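Working notes, beginning with the structure itself.
2 protein chains.
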Amino acid sequence: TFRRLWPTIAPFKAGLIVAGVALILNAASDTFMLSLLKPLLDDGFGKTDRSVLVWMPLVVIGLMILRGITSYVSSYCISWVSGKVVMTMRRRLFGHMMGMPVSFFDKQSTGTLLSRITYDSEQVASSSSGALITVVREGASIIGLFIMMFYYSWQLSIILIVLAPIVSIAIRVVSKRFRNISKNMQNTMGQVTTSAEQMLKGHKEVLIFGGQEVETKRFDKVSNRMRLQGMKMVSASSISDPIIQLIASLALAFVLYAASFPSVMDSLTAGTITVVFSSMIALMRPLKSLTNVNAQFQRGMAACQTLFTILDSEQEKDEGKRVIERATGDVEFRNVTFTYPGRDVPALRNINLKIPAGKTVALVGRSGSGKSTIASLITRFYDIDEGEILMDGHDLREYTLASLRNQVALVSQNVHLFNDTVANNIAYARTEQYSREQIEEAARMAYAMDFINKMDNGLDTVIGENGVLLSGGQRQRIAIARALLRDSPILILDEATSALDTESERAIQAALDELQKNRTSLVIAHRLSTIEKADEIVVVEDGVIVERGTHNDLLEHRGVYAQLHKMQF
Amino acid sequence: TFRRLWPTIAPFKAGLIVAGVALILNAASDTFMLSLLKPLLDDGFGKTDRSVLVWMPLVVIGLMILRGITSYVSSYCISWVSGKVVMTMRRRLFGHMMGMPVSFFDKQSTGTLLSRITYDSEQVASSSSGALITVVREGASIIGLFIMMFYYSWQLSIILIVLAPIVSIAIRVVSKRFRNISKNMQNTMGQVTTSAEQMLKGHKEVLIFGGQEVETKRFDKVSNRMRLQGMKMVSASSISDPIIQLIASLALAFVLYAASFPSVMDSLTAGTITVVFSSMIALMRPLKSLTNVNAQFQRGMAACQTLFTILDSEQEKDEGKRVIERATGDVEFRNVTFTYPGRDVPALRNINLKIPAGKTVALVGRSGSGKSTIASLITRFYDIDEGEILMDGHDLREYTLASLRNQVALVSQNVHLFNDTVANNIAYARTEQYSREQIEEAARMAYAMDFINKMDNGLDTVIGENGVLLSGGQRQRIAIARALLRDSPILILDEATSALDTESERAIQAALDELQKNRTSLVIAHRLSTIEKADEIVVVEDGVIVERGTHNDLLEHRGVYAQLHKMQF
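Residue numbers (the authors' numbering), protein chains in the order written: chain B, 12 to 580; chain A, 12 to 580.
Set out below in structure tokens:
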């Protein structure tokens with residue numbers, strides 16, 4: 012049907028072929044165990060002979076050691092298949108989501124994708140394993156038991172097998188029809204209960220107008236209708252079982268009536284009747300398990316199709332082929348507008364903004380909607396529809412994905428730290444290029460010994476996942492340390508602390524150093540340090556500009572800059 | 012534990028006995044059916060003689076009649092017990108539900124209370140029925156199958172039942188310990204998958220720094236770790252199975268080792284071993300059902316105790332016994348700043364305003380003041396905390412709730428009509444002394460001849476519960492429906508909604524003139540159309556007392572009355 016899981020089992024296709032011995036043997040041992048009962052009937056207890064009985068219990072012990080070893084190794088084999096194939100699937104999808112655009116796990120909706128990977132992937136694995144072991148073991152069981160039945164009495168065989176479908180269809184249709192009879196009037200029972208609900212929910216009017224006796228009488232009547240409904244519920248539910256069991260018993264009656272009614276029949280050992288009846292008693296469980304194998308297979312395959320439509324989605328397409336060394340050109344935001352999923356409003360209206368190199372330009376806003384997307388989206392995450400971000404004679408899309416992300420670093424209160432040494436966390440990706448000496452120099456500039464480097468280790472200690480939980484401001488500090496190590500050309504910072512400025516007031520922007528004098532940067536306005544340190548503030552609120560003058564010129568009069576100043580004190 | 016069901020079972024206690032007498036036979040049917048095996052094998056074809064093989068199918072049918080008929084009868088009897096005991100439980104709980112205070116509906120329980128009285132009633136019924144079948148059918152099927160030893164095993168199968176508890180304790184302890192072994196690594200599985208959580212939640216950061224390949228390597232290692240963890244996971248459950256199968260195999264081996272001594276085996280023939288083994292096969296299901304009977308006994312019966320809490324929850328108590336035929340007196344409020352139970356919200360006004368009977372007055376409010384709650388204090392749906400509301404020289408609590416029920420009326424958009432005809436709907440309970448003549452003269456100045464009350468079954472048109480869907484504005488009022496028959500002195504006019512109903516808005520003012528000739532009644536002015544026909548404009552609004560103002564003093568300046576005019580219009 013959907014055989015895309017067949018290539019990925021190719022490197023491990025030999026698992027099932029190796030398991031084949033176990034797949035046949037699991038059922039072969041039980042079938043043979045049932046076969047050995049015939050000697051226990053006649054060759055054993057049926058006569059004074061007990062030569063077989065000398066060792067038969069040793070045979071059943073030994074054959075189930077074979078059964079247990081086959082079960083253990085079959086489980087080990089499907090484990091080796093399942094863990095390896097889900098490992099490869101995880102490898103592929105991990106590389107895919109890091110290749111995916113702004114979508115389900117980026118800005119669209121919750122991060123329940125890991126729930127999908129952690130639950131439904133192993134659900135698919137367990138489903139495939141259960142389906143394979145079930146189909147193979149039960150097929151072997153049916154074939155072995157049919158072999159035994161033919162080998163013992165072919166006439167009794169065929170008469171029992173032709174008896175089987177009649178009872179099967181009888182029980183199936185009577186169960187279905189009586190279930191329908193139950194439901195089509197269970198709905199009426201639900202209707203009566205929901206009618207009683209309104210009587211209950213009308214407690215106000217009865218409590219004021221006064222209807223205790225009459226309302227109780229009404230409920231008594233409706234409850235009596237419910238009582239008759241319950242009577243008929245139990246009658247319908249309890250009349251299916253007697254008919255079902257009646258047909259089940261009549262199967263035994265039919266086979267025994269056919270048994271020995273001709274003189275030629277019952278020419279058998281006369282003990283084999285017991286073992287074939289025991290085989291019928293035994294096979295019911297595997298038969299009931301054999302009904303839902305195709306539905307389970309296709310449900311698991313539907314889950315796999317969910318994981319596969321997660322797979323083979325379009326990745327970050329970037330056809331630009333302008334390799335980047337260092338972009339000193341200006342960043343232009345001229346009447347640009349990108350797209351935001353789930354928002355019919357245009358994500359960014361016409362905006363005019365230029366940030367020459369070495370100029371500290373600070374943007375200000377109040378609502379916040381649009382504040383992040385103006386400066387945090389110069390990395391070309393969201394698709395820009397019309398307008399151009401000029402980058403040294405080339406647009407944003409014309410530059411290949413290289414340097415930092417394309418050209419720019421970022422810092423915010425959401426910087427998720429990885430479990431590699433914090434030194435390599437700040438030398439992430441480009442670990443080989445930068446030595447450890449310049450890494451500890453970057454830490455020297457970070458100037459945070461009391462938090463990160465105080466002989467917890469030299470520098471090799473890591474902030475463990477949900478472990479140490481070092482401070483958010485401090486993780487911002489080592490993030491900008493990472494940025495200065497990688498020599499960030501342009502920098503984005505959110506400044507979402509609004510809390511105690513314990514030593515971060517010194518290193519509010521990379522210790523107020525070459526990252527500010529050179530390497531122009533944007534600041535989201537939350538602190539007056541950013542306000543007083545600005546070259547030409549572009550006032551932006553709700554995706555539009557209201558002022559574009561010099562901050563100090565806007566400070567003399569009110570305008571709009573002074574208003575946002577008023578509240579931001 | 013809680014023997015409160017037994018008093019109600021007492022008027023139908025014979026039902027359970029007549030169910031059990033049938034279920035004992037039903038259980039014994041299977042035991043006797045198994046007992047027929049010894050005649051079948053050795054007395055029958057084992058000796059190679061006709062014997063009574065022509066009877067055994069007929070015996071099967073003749074015992075399954077006593078299976079099926081008694082199954083149906085026992086089901087009918089337990090249904091008789093259940094459908095009556097639940098009926099009286101629902102009657103009693105309804106009696107002690109609408110008769111207890113109103114705060115339970117208000118935020119203490121949502122609409123799921125139907126499931127508290129509907130679905131849990133069936134839950135207690137189903138659990139009682141389950142306990143009855145599982146103590147009588149199982150519990151007498153067990154004794155029926157247990158007596159096979161006395162009929163057969165004088166010395167032959169006592170070793171089997173001595174062996175059984177060893178099997179039970181061994182399989183239980185090994186299963187529990189291996190369950191613990193399997194479960195004490197799910198924490199590590201969660202640890203590694205949460206590390207993966209952090210990894211893919213850092214997709215923003217790694218996309219800034221483009222380290223997708225080194226991240227993929229990190230995930231390669233962690234994914235291999237959890238792959239080995241899954242290997243050990245499934246290995247634990249795999250190696251659980253042969254250990255528990257070993258106990259059954261050694262049980263069979265021990266049985267046959269005991270059978271290796273002919274000095275006891277001289278007197279079994281051949282089929283008795285078969286019937287003993289069949290009894291073992293039939294013994295698996297009833298014990299597995301018997302394990303959970305003590306839990307199932309207190310599964311829903313604990314829920315029955317939960318319902319008993321509502322049953323014995325106190326009703327609205329009113330020790331006052333002051334009755335009144337027609338309360339032509341003032342209702343005087345004094346410093347009532349009550350807070351309704353369940354939440355300490357900002358309170359209402361320190362009310363000191365008196366409404367006199369024979370001196371009409373209308374109340375105007377604004378912005379969810381809880382002024383509707385003030386109306387409840389005329390009806391005492393809610394409790395009064397401080398202050399006092401007095402009625403004709405007597406306090407609120409001094410009167411019987413029936414008396415104020417008769418005196419006070421209410422008008423609102425939300426009135427839960429009932430499953431009856433409209434004529435008795437307007438005569439909800441007090442209909443015996445009010446015949447159809449006083450229905451139709453009320454209809455005469457109802458002026459609702461056909462607006463929504465069109466002649467379908469005459470003026471006493473049959474009202475369908477939740478199906479008629481009539482307009483709430485003209486569903487309930489003194490002439491439109493009721494309170495004219497009771498000639499209610501005090502009445503509420505909610506005036507919640509203001510739609511463009513045709514002439515029904517005029518009909519509201521018509522009913523206003525037909526009412527306010529006498530029977531002074533305040534209103535809640537969602538719209539300010541009724542304040543024109545108001546002798547005094549009491550201007551208290553919001554959560555505090557503002558003043559007791561008249562029509563003229565507040566009109567000259569902004570104040571509140573003219574303000575509420577400005578915002579509304």
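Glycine is no exception: its CB is placed at the ideal position from the N, C-alpha and C atoms.
- In the three-state DSSP reduction, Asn363(B) falls in the strand class (E or B).
- Unbroken alpha helix (DSSP H) stretches of 4 residues or longer found wholly inside the segment 383-456 of chain A: 412-418, 433-436 and 447-455, given in chain order.
- Under DSSP, the beta-bridge partners assigned to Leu502(B) are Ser532(B).
- Using beta-carbon distances, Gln256(B) counts as an interface residue toward chain A, with a partner under 8 Å.
- Scanning its chain for C-beta atoms nearer than 8 Å, with the 5 sequence neighbours on each side dropped, one finds around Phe116(B) the residues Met108, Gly122 and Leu124, in chain order.
- Across the set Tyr410(B), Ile128(B), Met160(B) and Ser137(B), the C-alpha of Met160(B) shows the shortest separation from the C-alpha of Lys49(B).
- Note that the C-beta distance between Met210(B) and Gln240(B) is not below 8 Å.
- Secondary structure of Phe157(B) (DSSP, three-state): helix.
- Judged by DSSP in its simplified three-state form, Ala262(B) adopts helix.
- The C-alpha of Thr508(B) lies about 29 Å from the C-alpha of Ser414(B).
- Taking the Cα of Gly57(B) as reference, the smallest distance to any Cα among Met75(A), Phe43(A), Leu279(A) and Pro253(A) is reached at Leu279(A).
- Only residues of its own chain outside the window of five on either side were considered, and among them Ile258 and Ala262 have a CB closer than 6 Å to the CB of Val178(B), listed in chain order.
- In the three-state scheme derived from DSSP, where H, G and I count as helix and E and B as strand, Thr129(B) is classed as helix.
- Taking 8 Å as the threshold, the shortest C-beta distance from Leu52(B) to chain A falls below it.
- Put simply, of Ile395(B), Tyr458(B), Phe105(B) and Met291(B) the residue whose alpha carbon is nearest the alpha carbon of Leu318(B) is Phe105(B).
- Contact note: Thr129(B) reaches chain A through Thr204, using a C-beta cutoff of 7 Å and chain order.
- Beta bridge pairing from DSSP links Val550(B) with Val375(B) and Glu558(B).
- Listed along chain A are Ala440, each with a C-beta nearer than 9 Å to that of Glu224(B).
- The contact set of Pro500(B) on chain A, defined by CB atoms closer than 7 Å, is empty, because the minimum CB distance reaches about 13 Å.
- Using beta-carbon distances, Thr59(A) counts as an interface residue toward chain B, with a partner under 8 Å.
- If one requires a minimum length of 4 residues, the alpha helix (DSSP H) runs lying completely within the segment 267-316 of chain A are 273-276, 282-301 and 304-308, in chain order.
- Shown here, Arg345(B) sits in a strand according to DSSP, grouped into three states.
- Between the beta-carbon of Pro357(B) and that of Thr371(B) there is about 29 Å, and that puts the pair past the 8 Å contact cut.
- For the set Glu216(B), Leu167(B), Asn235(B) and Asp252(B), the Cα lying nearest the Cα of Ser186(B) is the one of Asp252(B).
- Taking a cut-off of 8 Å for Cβ pairs, the segment 295-305 of chain B and the segment 89-101 of chain A do not touch, as fewer than three such pairs fall below it.
- With a cutoff of 8 Å on beta-carbon distance, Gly340(B) and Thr531(B) are scored as not near each other.
- If you draw a straight line from the Cα of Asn417(B) to the Cα of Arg493(B), it comes to about 16 Å.
- The Cβ of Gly311(A) sits no closer than 8 Å to any Cβ of chain B.
- One finds nothing in chain A with a Cβ atom closer than 9 Å to the Cβ of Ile450(B); even the nearest lies about 15 Å away.
- The beta carbon of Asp252(A) falls within 8 Å of a beta carbon belonging to chain B, placing the residue at that interface.
- Here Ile170(B) has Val266 and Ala269 as same chain residues with Cβ atoms under 8 Å from its own Cβ, once five neighbours each way along the sequence are excluded.
- In this structure, the CA atom of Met100(A) is about 14 Å from the CA atom of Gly311(A).
- In the three-state reduction of the DSSP assignment, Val173(A) falls in the helix class.
- Residue-level contact by beta carbon fails for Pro357(B) and chain A, as no gap is shorter than 8 Å.
- Listed in chain order, the positions of the segment 105-117 of chain A with a beta carbon within less than 8 Å of a beta carbon of chain B are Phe105, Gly106, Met108, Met109, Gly110, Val113 and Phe116.
- Between the alpha carbons of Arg78(B) and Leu74(A) lies a distance of about 40 Å.
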